[PDB]
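This is what each chain is made of:
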Amino acid sequence: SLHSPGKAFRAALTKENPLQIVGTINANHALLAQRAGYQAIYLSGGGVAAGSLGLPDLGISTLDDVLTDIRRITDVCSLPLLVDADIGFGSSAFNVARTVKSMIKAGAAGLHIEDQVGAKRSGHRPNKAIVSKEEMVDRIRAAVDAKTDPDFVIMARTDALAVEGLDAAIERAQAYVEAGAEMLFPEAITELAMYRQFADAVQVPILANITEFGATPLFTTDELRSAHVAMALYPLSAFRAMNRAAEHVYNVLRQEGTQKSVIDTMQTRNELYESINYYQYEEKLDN
Amino acid sequence: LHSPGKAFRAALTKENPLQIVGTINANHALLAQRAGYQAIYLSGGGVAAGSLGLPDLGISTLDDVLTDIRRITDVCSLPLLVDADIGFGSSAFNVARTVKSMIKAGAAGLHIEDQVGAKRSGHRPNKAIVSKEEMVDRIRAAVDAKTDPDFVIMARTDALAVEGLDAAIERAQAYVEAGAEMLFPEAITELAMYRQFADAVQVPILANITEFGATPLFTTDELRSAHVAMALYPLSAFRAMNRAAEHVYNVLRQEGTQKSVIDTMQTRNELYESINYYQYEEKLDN
Amino acid sequence: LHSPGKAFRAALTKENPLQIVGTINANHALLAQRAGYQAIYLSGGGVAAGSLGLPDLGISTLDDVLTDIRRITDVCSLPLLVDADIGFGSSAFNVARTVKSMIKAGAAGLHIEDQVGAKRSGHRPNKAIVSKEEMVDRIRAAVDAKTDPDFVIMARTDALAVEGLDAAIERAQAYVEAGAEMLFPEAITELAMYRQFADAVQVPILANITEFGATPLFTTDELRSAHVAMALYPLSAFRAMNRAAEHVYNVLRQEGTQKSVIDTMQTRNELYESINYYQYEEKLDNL
Amino acid sequence: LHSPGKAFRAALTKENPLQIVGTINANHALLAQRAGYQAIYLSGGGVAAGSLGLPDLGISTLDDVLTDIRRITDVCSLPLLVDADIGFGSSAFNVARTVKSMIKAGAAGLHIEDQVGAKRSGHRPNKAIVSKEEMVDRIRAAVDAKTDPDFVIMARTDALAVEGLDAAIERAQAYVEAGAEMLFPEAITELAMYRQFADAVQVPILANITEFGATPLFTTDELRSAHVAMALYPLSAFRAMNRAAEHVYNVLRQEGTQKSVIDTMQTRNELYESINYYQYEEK
Ligand SMILES: [Mg+2]
Ligand SMILES: [Mg+2]
Ligand SMILES: [Mg+2]
């Protein structure tokens, strides 16, 4: 009996409510998240683009850019990884299927696909365009049919709220779930009551994207639990703090000609080694 | 056709010592460029510990490094110096393939060290190094492989802690004699030593000012007085980024919200300016 | 620094028409070089069917192609023309990244076409070609992305078979005006037709002389009389290699030994001479 | 969840000896499957010479091999045995990462050999091998790294040409004792030698029936009589494919047309059938 990351994700959902899922920009951070106690992690599409590629989150990253990060993370971290698969990386069902099979093989526990048109953008940006309900239903059907591991999770994300309104978005959500979506990700929700409306309407686990500096308030896990949201996602939180800290080191070093004044803000060598189990490896070499 | 190696050599001429900062990923390379740096570095310890979440013990492969080189140089135009450990392989063919692949991936130069196969950080105890002759062969193979004459082949020696200063300097002389264009005397403990290496080899000397190791935190003024050509800060940004990430993860887990650490975060606008986001979005909307 | 694109342009002035053969992998690129060819080709159909064992229906990713470009150009010095389909993405950003990535990978040039998604690949006759304006946008994005001025941006049009000769010529003129440096008109069946395109655009014209299709197997003499600048044989060696491989598999399975097909095999020495084996091994023996 | 290694082991019990053919790329893996084979092989000499156009001298990287494993196993369901040379690195950490990475890539098993660093074909002269103790360490590292219990760890020994039959058999016994699940005695020159290895280790034995080397072209009946469980043909199709391609290139260059060699080519309809083309288009 082989281990299923998808089965581990589903199990995590039953043990934590809402299940906190944090984005992990790279393998090192996945280990840090695990050491912090999280039971599930996330590979942000915006993070692969802005972090790994230094590019805008506008459909520029490819399937392989993402697979590279999935392998890096899952090769060392045992926590189930939910992956942002944007629109499936292609214009047809064959592309969606290749995406699902490849991510399962790379080690992911699940993925979400959204209803945006080709060159997608952040759900917290204006002027987004979405495909017809029927088109997304076909994306979803193709994804579910491609599952090689029955416990792998296929989540549907809808960006329809800001575009067509709440009722239209709920209607799409119901159609997406009827089409096979196993969990729902209603993006950029502005009021807590909306999560409850979605939850009651589709009756499958609901994910709340609590990302910073967007259209969504910073809801607490208590508030989210009261609206019956199954998981709380913090997609780029650590990434944002890491960038400010790195920027600070770069500026100080440039202005002062030494990093002495920011040593206090750095993870120590020992803390790094502890994080990656360094001593156990070096001891083996020494012997 | 633009040569990154040529740009690196040029940077050396305009700044002395030339500050070179490690960039863990493409995003940070852009932040380093915006901070004014003229050259950047791809740390082997960072590819291992950061990109792979593994110890810096010769576990990373040439391709793990090539992936990060392309990601960084595809978006950042600053010359990138790359840590190539011992050449990724048992023979001169592996060293040559490493050199040609890194040049093609967009690097400006690389350094190869004299450690045995499963190398370790120059600041760790119990290092093992190959014979002077064996290292000379690795350097000869690397130099002969250059497809871009301006690409830089830098030699690193870890012999100070293993054989002493005089032995380390003798190796450095042999390495440069064999074709190494720049020298990286690892884990120096006293400022005066940099001057001795500089005088002995007559090629640019790089001082590795990494934290929590055997080397004091020398300032650029101090390094300049010792005739150091380059001041390297390999993982400085990475160490701060890790502490900050850990803080966010801990607070979110304990508090059930990130409200209390919002002030420690780069804002969305700052991120967008960093990656030239608005230029791309404007094109799409038009 | 050597420019593959500059080498391709040079080969065009020394041979007319310039024979360009598809090379399915690095080994065959070396065989082509030994046979005397001055330029080679990375077929999109070959990357799909050969490297991935899949149909040429928009399933391959940019990275699948880049891997083959690096393998071939890392060892073979001949200029490599690459099939870049529609740019591997839905926007001008994807086209630009494809161009820059292929240049870095070592290619001498590429051709981009005017189909919608993989609709023409799927043989759909209606609404399968983008508007002239949309293709001009792809071309301008490709040309502006050139990091090496000598890299070649060729335009391929799949319109003759669906819109007629007049429309295909009109598209071709608009494409060349937008920046296309050479033209690849597909589905031509008459020599006179090649001549018409040549006079209409006044840039080098490529004739696709693939087997088992509508196009007759024109000779280089015939093509020269029609003002064709280059003759492409995209999968020729690949087709013969597959029949030979299948034969070995069949004989081995029927007989329990490969004794009877040894005479159809490249000998070990022939392989060694092709990859310069002995010069490498001797260096190892003399350490 | 399906385990490729479990499938490989099952294939052994259903075919005696099990014919394993080298598949240079995903397309040929499908050709092998369509031809009736039950197991396939990813040759290290093929990744080097074919995918990279380079000598089989330890120049290929783990990544070059992983790419080919994913391409083949993403489309072909047959269990794939992979040539892992010496583990791709200088330490047991590298051997362990190779094992884990190949399992994730989709392989059914792999073989690791006892050569020193920059290895060479087992049919080449002057090869060098590590101590029995060092090989034992590589095998222990490999077996302990298995994330799929049914993944197969095969040990290959190049000792016959260097130290003789008895020393090669002694090493083979130490390797199996260390955990090797199957054995690959390379470049055997006499049929009877296979029976000796078979009797000495009690695990499945693989015979490498490659062309133009030190091993006679033994038939599957001969191999079965010597208690050989697997018959490997690592580059057979590749060699024929190369001659065929060379012929096309030469004829086309000399004649200015490929008309005279059309009869040596797989047709487009045959190509489409081998990759299930029309099955795709319709959807
Ligand atoms: Mg996203
Ligand atoms: Mg290092
Ligand atoms: Mg081999």
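Residues numbered from 1 in each chain as written, not as in the entry; some residues may be left out. Chains lettered and ligands numbered in written order. Heavy atoms only, no water.

Per the deposited record, the coordinates in this entry were obtained by X-ray crystallography to a resolution of 1.6 Å.

As annotated in the PDB entry, chain C carries the name Probable methylisocitrate lyase and is attributed to Escherichia coli. Note on chain C: under the UniProt heading Cofactor, the record states "Mg(2+)". In its Sequence similarities section, the UniProt entry covering chain C states "Belongs to the isocitrate lyase/PEP mutase superfamily. Methylisocitrate lyase family." (UniProt positions renumbered as here; feature names shortened; annotations may be inferred.)

The name given to chain A in the PDB entry is Probable methylisocitrate lyase, and the organism recorded there is Escherichia coli. For the record of chain A, the UniProt heading Catalytic activity holds the text "(2S,3R)-3-hydroxybutane-1,2,3-tricarboxylate = pyruvate + succinate". UniProt lists a comment for chain A under the heading Cofactor, and it reads "Mg(2+)".

Colleague: Account for the overall build of chain C, with residues named and values stated.
Modeller: Helix and strand content of chain C: 13 helices and 8 strands. The C-alpha atoms of chain C give 20 Å as radius of gyration, which agrees with the globular expectation for 287 residues (19 Å, within 12%). Once the C-alpha set of chain C is aligned to its principal axes, its extents read approximately 60 × 45 × 40 Å. Contacts in chain C between residues far apart in sequence, at least 24 positions, make up 69% of those at least 6 positions apart. Here chain C has roughly 10100 Å² of accessible surface; of this, 47% comes from carbon and sulfur atoms. In chain C, which carries 27 positive and 36 negative side-chain charges, the distance between the mean positions of the two groups comes to 3 Å. (Helix = DSSP H or I, 4+ residues; strand = E, 2+ residues; numbered from the N terminus. Rg over C-alpha atoms; globule rule 2.2 N^0.38 Å. Contact = heavy atoms within 4.5 Å. Areas by Shrake-Rupley, 256 points an atom, 1.4 Å probe, with all protein chains shown as cover. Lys, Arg positive; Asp, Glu negative; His and termini not counted. Charge placed at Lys NZ, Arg CZ, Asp CG, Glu CD.)

Colleague: Before we move on, can you summarise the interface of chain C and chain A with the specific residues and values?
Modeller: Across the contact, 14 residues belong to chain C and 15 residues belong to chain A. In total, about 1100 Å² of surface goes out of reach between chain C and chain A, with carbon and sulfur atoms giving 52% of it. Together, C:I59, C:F93 and C:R97 form the three largest contributors to the area buried by chain C at its contact with chain A, with a combined 42%. Inspection of the chain C/chain A interface yields 2 salt bridges. Its salt-bridge partner being A:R98, residue C:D64 comes within 2.8 Å of it at the nearest N-O pair. In this assembly, chain C and chain A are joined by 6 residue pairs in polar contact. Among the elements of the structure, α4 (62-75) and α5 (92-105) of chain C are those that each provide at least two residues to the side of chain C that touches chain A. Per-element accounting of the side of chain C that touches chain A gives the leading share, 3 residues, to α5(C). Broken down by class, the residue content of the side of chain C that touches chain A amounts to 4 nonpolar, 7 polar and 3 charged. (Buried area = accessible area lost by both parts, 1.4 Å probe. Salt bridge = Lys/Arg side-chain N within 4 Å of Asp/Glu carboxyl O. Polar contact = N/O pair within 3.5 Å; in protein donor to acceptor, adjacent residues only side chain to side chain. Nonpolar A, V, L, I, M, F, W, Y, C, P; charged D, E, K, R; others polar.)

Colleague: Pulling in residues and values, what's your account of the sheet that holds strand β4 (residues 109-113) of chain B?
Modeller: All names here are of chain B. Ordered in space as β6-β5-β4-β3-β2-β1-β8-β7, the 8 strands form an open sheet in which the pairing is parallel. In this open sheet, the two edge strands, each paired with only one partner strand, are β6 (182-185) and β7 (206-208). Strand-to-strand, the axes of this sheet are offset by a mean angle of 25 degrees, without reference to chain direction. Strand direction decides the pairing type here: strand β2 (residues 40-42) and strand β3 (residues 80-83), joined by 3 bridges, are parallel. Within the sheet, the bridge partner assigned to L42 lies in β3 and is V82. Along the sheet face, helix α4 (residues 62-75) touches β2 and β3 and points at about 170 degrees away from the line of β3. (Pairing = 2+ DSSP bridges. Axes fitted to C-alpha atoms, helices over the stretch in contact; angles between N-to-C directions.)

Colleague: Summarise helix α2 (residues 26-34) of chain D; cite the residues concerned and give the values.
Modeller: The buried fraction of α2(D) amounts to 7 of the 9 residues, a majority that puts the element mostly inside the structure. Once α2(D) finishes, D:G36 follows within two positions and takes phi at roughly 100 degrees, a positive value. (Buried < 20%, exposed > 50% of the residue type's maximum accessible area, 1.4 Å probe, protein only.)

Colleague: Quick one: what's the story with the nonpolar core, residue by residue and with numbers?
Modeller: Among the nonpolar cores identified, the biggest contains 186 residues, and A:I70, A:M103, A:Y195, B:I69, B:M102 and B:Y194 are the most heavily contacted of them. Formed by 173 residues, the second largest nonpolar core is a distinct cluster that contains B:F93, C:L183, C:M193 and D:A231. (Core = buried A, V, L, I, M, F, W, Y, C linked by side-chain atoms within 4.5 Å.)

Colleague: Pulling in residues and values, what's your account of unusual backbone geometry?
Modeller: In this structure, A:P18 follows A:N17 across a cis peptide bond, with omega equal to 0 degrees. With an omega of 0 degrees, the peptide bond running from C:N16 to C:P17 counts as cis. In this structure, C:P17 sits in the loop between α1 (4-14) and β1 (18-22). Although it is not a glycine, C:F88 sits at a positive phi angle of roughly 55 degrees. A residue is classified by how much of its surface remains accessible, and C:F88, at 18% relative accessible area, is buried. If you check the backbone angles, D:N126 has positive phi at about 60 degrees while not being a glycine. With respect to the element layout, D:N126 can be found in the loop between β4 (109-113) and α6 (132-145). Judged by relative accessible area, D:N126 falls into the exposed class, the value being 59%.

Colleague: I'd love a proper account of the pairing of strand β3 (residues 81-84) of chain A, names of residues and values included.
Modeller: Moving residue by residue along a regular strand, the side chains alternate between the two faces of the sheet. Residue and element names in this part refer to chain A. Of the two faces of β3, the one holding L81 and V83 and the one holding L82 and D84 are both buried throughout. Across 3 bridges, the pairing between β3 and strand β4 (residues 110-114) is parallel. Each residue of the ladder has a partner; that of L82, found in β4, is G110. For the crossover from β3 across helix α5 (residues 93-106) to β4, the handedness is right-handed. (Right-handed = clockwise from strand over helix to strand, strands pointing away.)

Colleague: Help me get a handle on the pairing of β3(B), residues and values and all.
Modeller: Residues B:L80 and B:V82 of β3(B) are buried on one face, and the alternating residues B:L81 and B:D83, pointing to the opposite face, are buried as well. In this region the chain leaves β3(B), passes through helix α5 (residues 92-105) of chain B and returns to the parallel neighbour β4(B); the handedness of that crossover is right-handed.

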